[PDB]
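S.K.: would you be able to build a 3D model of this:
(2 chains)
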Number of protein chains: 2
Amino acid sequence: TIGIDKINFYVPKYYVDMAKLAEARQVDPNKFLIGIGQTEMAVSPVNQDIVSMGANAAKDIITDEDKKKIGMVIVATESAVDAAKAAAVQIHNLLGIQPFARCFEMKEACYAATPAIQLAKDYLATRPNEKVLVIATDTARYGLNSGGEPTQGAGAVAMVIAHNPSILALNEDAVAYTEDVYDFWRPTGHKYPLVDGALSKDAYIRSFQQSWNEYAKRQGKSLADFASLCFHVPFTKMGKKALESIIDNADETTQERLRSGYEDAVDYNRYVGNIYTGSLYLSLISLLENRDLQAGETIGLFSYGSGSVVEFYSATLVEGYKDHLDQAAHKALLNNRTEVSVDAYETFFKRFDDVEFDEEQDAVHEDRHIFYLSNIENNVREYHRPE
Amino acid sequence: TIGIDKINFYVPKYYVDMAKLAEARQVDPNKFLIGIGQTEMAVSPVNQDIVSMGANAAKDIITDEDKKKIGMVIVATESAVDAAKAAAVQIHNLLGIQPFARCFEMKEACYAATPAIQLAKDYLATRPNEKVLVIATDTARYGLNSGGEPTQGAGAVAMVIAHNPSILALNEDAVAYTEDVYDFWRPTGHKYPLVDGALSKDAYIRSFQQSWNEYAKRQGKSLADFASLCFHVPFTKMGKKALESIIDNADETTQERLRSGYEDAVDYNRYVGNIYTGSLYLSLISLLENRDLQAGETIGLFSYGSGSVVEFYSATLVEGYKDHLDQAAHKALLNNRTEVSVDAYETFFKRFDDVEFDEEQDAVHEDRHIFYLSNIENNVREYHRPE
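M.R.: Numbers count the residues shown, from 1 in each chain, chains lettered A, B, ... in the order given. Okay, here it is:
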C-alpha cells in the first residue's frame, strides 16, 4: 500500500467571531452562524504567509530520518507569493530536507493538493525507500464588505505520502472531471477572486455529481459502500447542500450515516473558514479525529477546484491509524487562538494586502517556537525559525 | 517503455532582429549576436497569450483518437494569466480533449515541464491505454532597456507522453537538486523578474554541476556515454559557458562531440530567445531535427529552474524517431515569421503589458487557422479557434 502516513494542519493564532462580524456588517448573526454555517474565521497576521504556514504544518510530522528520504516537496496553492519561484523551495530549505529532491507548486484553484498526493503515490511505486511531502497552503481572501467575505480562512495542511502508510491507503480508483466554467477565478493583478454568484453553487455540485457518477460506473460501487464521505466545502452550508444533492436518491441508512460523517468532517472547518487547497484535507483530519471509523472501512473523497476540476477517489483506513493522529494538539491549536475584534480584523486585513510588518499587532515575541515571516529586504522574504 | 511520443513547438509570427535591437540600444551588434549569441527575438502580439500558444503547439500532434485517451493535461508556466484557474483547463477545452482528465499547472520557474513529463510517466505505468499531454508555455519578458531584455522570447512546446513512445524512451535515472537561491524571481505584483546579476551564472552552472555529479554517482555513467547533451539555456552564450564548465575535465573525443551536439541543440533557440519552461524542450526538437543521432543512442538532459531546482536525466532514441519529427514544418514556422522594427517591437511590448487589443497590428485576419486570444469581456478571455 501507498498513502497518507502522517497528516497535520496549521492555522494562524487569531480569529474573528462570526456573530460579531455579522453585527458589524449589519446582518442577523444567524445569517453567518446558520445560513453560511461558519462560527469563527481565521485572521492572518502579516508574520504568517503561505511559506511559514506550510512549514509550521509540516515540521511536527517529519523526523530527521524522514528528511533523508523525502524525494519531492510539492506545494499546492492558489495564493502564491511568487510568479516563478515555487514556495516548495523555500519550505524545503526551512525544513532542512535533503537536497536531492524536486520542489515545485501545483496550481488549479482548490483542487491542487489532490494531483499532488495522487502523483506522489505513482512516483513512489518504484521507490520503496522514499517519501513525499505535500503541503496545501492558502489564504482565502475576498475583501472587506465583499460577497465572499464570510467564507474567508487561512491555513495549511501537510501530508506525508509513504509506503505502508499508517493512516490511509489510497485506492486505485481516482477519476477526475474537467469543465471550463467561470465560477471563481483571479486574473493577474487581481487582489481578490472574481466570483459569479449565479454559477458558484451549480458548478461545485455539478462537478461532484459528474465525478461521482463516473466513479460509481467505473468501480461498480455505490454511496452505501462508504463509511463516510469527505469532500471540499467552501462553507459548511454549501457543503451540506452538495451532500443532500448527492445522497438524495440513496437509502435512509446510507443517508443517515453520510450526514453524521459530514458533521464530523466539517467540525474543524467551522472554526477556520475556507483554506482552498487545504479545505478537503482539513476536513479529513476533522473526520479522522471526530469519528471513530474502524480499520478496513473506506472513505469516499471528492476534491474540487473552481474553474473547474473535480476528482473522486477512495482511501481505506489502516489498523492503528488513531495512534498517528493528534486530536489533543489539534484541539489545542484551535482553542489556544486569540479572538480579535472586527476592527482589529480589518486592520490585519489591510496590513496583509500590503505586507505591512507590525511586531506588536502580530505579537511576534510569542512566536519563538514556530516559523514566521520576520521581514522583507531587497524583495527577499526572511523567516524566523523555531529556536 | 514510456516517454516522448510526439513533440511540437509554437512561436508567435513576429520577431525583432537582434543587430537592429543592438543599434537602438546603442551597443555593438556583435554584443548581442556573439556576446549573448542571439540572432532574432520572438515578439508577442496581444492575440497570442500562453493559452493560445499552448493550444497551437499541441493541436498538430493529437488525433481525435488521442483526445479520447489523454488522462491529464499539465501546463508548465511561470507566466500564468490567472492566480487560481489553471491554463490547462482552458487548453483542454480548446483542444476538445475527453472530460475525465486532470488539468493543472506546475510551477517552478523554467524547470516545471520536467516534473510534468516525469510524473506523467509514473502516472502511465499502470494505465496502458492512456496518454498525457504536457505543455510548456511562457513569455520571457524583462522590460524595455532592462539587463535581461536581449534574452527575451515567447513560445510553447507540447509533448505527448505515452507507452511505446515513437521518439524518446525516458530512462529510470532522474535526479533533482534543490538549493534556495535568489538568482531570479518575480514576486506578486511584479511585471518583470528580479535578477541578481552577481548570481545568475553561478547559480545555473552550480545546479548543472551538482545534478550531474550526483547522477554520475548514482548511475556509474560518464559524459563519454552520451551521444549529446540537451540542457536548459537562458541564451546560447550562457549555455556555452555551462557546457565548457561541465565538460572541462573530459576527454577530447567527448568534448568535441558534446560541443557539436550543443550547436545543433541551440540552433532554434538562437532565433526565438528564452521561453523559460520550454527552452530545454525547444532545444530537444532542435537537437533531434538538426543532428542525425541513431536509434539506441542516449541523450543526457539537464533542466533548470531559477530559485533554484535542477534535474539531470537521460532518454534513449527509439528506432524510426525521425519519422515523427517535422523539420520542414518547424523550419517553415520560423522562416514564415515577419520581422518587425525596433519601434514596432516596443509598441507590441507596451500593448502586451496592458492586453491592449489591436487587430491591425496583430494582423488577425491572417490567423484564421490558429488559436488566438480574440478578446477579454467581463474578465473572461475569449479565443478564436482554427476554422
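
S.K.: which strand or helix spans the closest residue to chain B within the stretch 151-300 of chain A?
M.R.: The nearest approach of the stretch 151-300 of chain A to chain B comes at residue A:180, 3.8 Å away (CB to the nearest CB). C-beta coordinates here come from the backbone N, C-alpha and C atoms, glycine included. Assignment of secondary structure by DSSP states H and E places residue A:180 within no helix or strand.

S.K.: surely it meets residue B:95?
M.R.: No - contact criterion CB atoms under 8 Å: residue A:180 and residue B:95 do not qualify, at 11.0 Å.

S.K.: who has more neighbours, those two?
M.R.: residue B:95 (21 against 16; other CB atoms under 10 Å in any protein chain shown).

S.K.: what are the buried residues along the helix ranked longest in chain A?
M.R.: Once chain A is assigned using DSSP state H, the helix that runs over the most residues is helix A:200-219. Judged by neighbour count (16 or more other CB atoms under 10 Å in any protein chain shown), helix A:200-219 contains these buried residues: A:200, A:203-212, A:214-216.

S.K.: near chain B too, which of those?
M.R.: A:210, A:214 (CB under 8 Å from any CB of the partner chain).

S.K.: wait, which of the buried residues of helix A:200-219 is closest to residue A:44?
M.R.: Of all the buried residues of helix A:200-219, the one with the least separation from residue A:44 (CB to CB) is residue A:200, at 23.1 Å.

S.K.: excluding residues flanking it in the chain, which one is nearest that closest one?
M.R.: residue A:183 (5.4 Å; CB to CB, 6 or more residues apart in numbering or on different chains).

S.K.: so residue A:160 belongs to a helix, correct?
M.R.: No - the assignment for residue A:160, made by DSSP: H, G, I helix; E, B strand; the rest coil, is strand rather than a helix.

S.K.: which residue sits closest to it, ignoring its sequence neighbours?
M.R.: Closest to residue A:160 by CB to CB, 6+ apart is residue A:6, at 4.2 Å.

S.K.: spell out which residues of the stretch 201-350 of chain A are next to chain B.
M.R.: Going by CB under 8 Å from any CB, the residues of the stretch 201-350 of chain A near chain B are A:210, A:214, A:305, A:306, A:307, A:308, A:309, A:311.

S.K.: so which of those residues wins on neighbours?
M.R.: That'd be residue A:305 among those, by other CB under 10 Å, with 33 neighbours.

S.K.: looks like it contacts residue A:107 (just checking).
M.R.: No - Residue A:305 is not in contact with residue A:107 according to CB under 8 Å; the separation is 9.1 Å.

S.K.: list residues touching both of these two?
M.R.: Common neighbours of residue A:305 and residue A:107, using CB atoms under 8 Å, 6 or more residues apart in numbering or on different chains, are B:86, B:104.

S.K.: what's in contact with the helix or strand containing residue A:52?
M.R.: Here residue A:52, judged by DSSP H and E, is contained in helix A:50-59. Outside helix A:50-59, the residues within contact range by CB under 8 Å, 6+ apart are A:8-10, A:12, A:75, A:77, A:79-81, A:87, A:90-91, A:94-95, A:133, A:135, A:137-139, A:154-158, A:370-373, A:381, A:383, A:386.

S.K.: still on that earlier bit, tally of neighbours for the residue nearest to residue A:160?
M.R.: 23.

S.K.: distance check, it against residue A:62.
M.R.: As judged by CB to CB, to the nearest Å, residue A:6 and residue A:62 stand 8 Å apart.

S.K.: ditto for residue A:293
M.R.: On the measure of CB to CB, residue A:293 and residue A:62 end up 25 Å apart.

S.K.: dihedrals phi and psi, the one residue sitting closest to the centre of chain A?
M.R.: Nearest residue to the geometric centre of chain A (CA atoms, centre = their mean): residue A:278, 1.1 Å. Torsion angles at residue A:278 (phi, psi; degrees, to the nearest 10) stand at phi -90, psi -10.

S.K.: can you check residue A:115 too?
M.R.: phi -60, psi -30.

S.K.: list the contacts of residue A:108.
M.R.: A:78, A:115, A:305, A:307, A:309, B:84-86, B:88-89, B:103-105.

S.K.: now the element after the helix holding residue A:52, going C-ward?
M.R.: helix A:64-69.

S.K.: sheet-wise, list the partners of whichever helix or strand comes after that following helix with their directions.
M.R.: Later in the chain than helix A:64-69, the nearest helix or strand by DSSP H and E is strand A:70-76. Here strand A:70-76 is paired, per DSSP bridges, with strand A:102-107 (parallel), strand A:131-140 (parallel).

S.K.: how close does residue A:335 get to residue B:95?
M.R.: In terms of CB to CB, residue A:335 sits 50 Å off from residue B:95.

S.K.: should've said residue A:64
M.R.: As judged by CB to CB, residue A:64 and residue B:95 stand 46 Å apart.

S.K.: re the thing from before, can you pull the residues that touch both of residue A:6 and residue A:62?
M.R.: Contacts common to residue A:6 and residue A:62, judged by CB under 8 Å, 6+ apart, are residue A:160.

S.K.: ok, how many other residues are close to the closest residue in space to residue A:20 that isn't next to it in sequence?
M.R.: Sequence neighbours aside, residue A:342 is the residue nearest to residue A:20 in space, at 5.5 Å (criterion: CB to CB, 6+ apart). Using other CB under 10 Å, residue A:342 has 16 other residues around it.

S.K.: could you do residue A:322 as well?
M.R.: For residue A:322, using other CB under 10 Å, the count is 15.

S.K.: ok, residue A:173 next?
M.R.: Residue A:173: 15 neighbours (other CB under 10 Å).

S.K.: ok, it touching residue A:215?
M.R.: Yes - Residue A:173 is in contact with residue A:215 according to CB under 8 Å; the separation is 6.8 Å.

S.K.: if we can go back for a sec, would you format the contacts of residue A:108 as JSON lines with distance to residue B:284 included?
M.R.: Listed next are those as JSON lines, based on distance: CB to CB, whole Å:
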{"residue": "A:78", "distance to residue B:284": "31"}
{"residue": "A:115", "distance to residue B:284": "25"}
{"residue": "A:305", "distance to residue B:284": "31"}
{"residue": "A:307", "distance to residue B:284": "31"}
{"residue": "A:309", "distance to residue B:284": "29"}
{"residue": "B:84", "distance to residue B:284": "31"}
{"residue": "B:85", "distance to residue B:284": "29"}
{"residue": "B:86", "distance to residue B:284": "24"}
{"residue": "B:88", "distance to residue B:284": "21"}
{"residue": "B:89", "distance to residue B:284": "26"}
{"residue": "B:103", "distance to residue B:284": "24"}
{"residue": "B:104", "distance to residue B:284": "23"}
{"residue": "B:105", "distance to residue B:284": "21"}
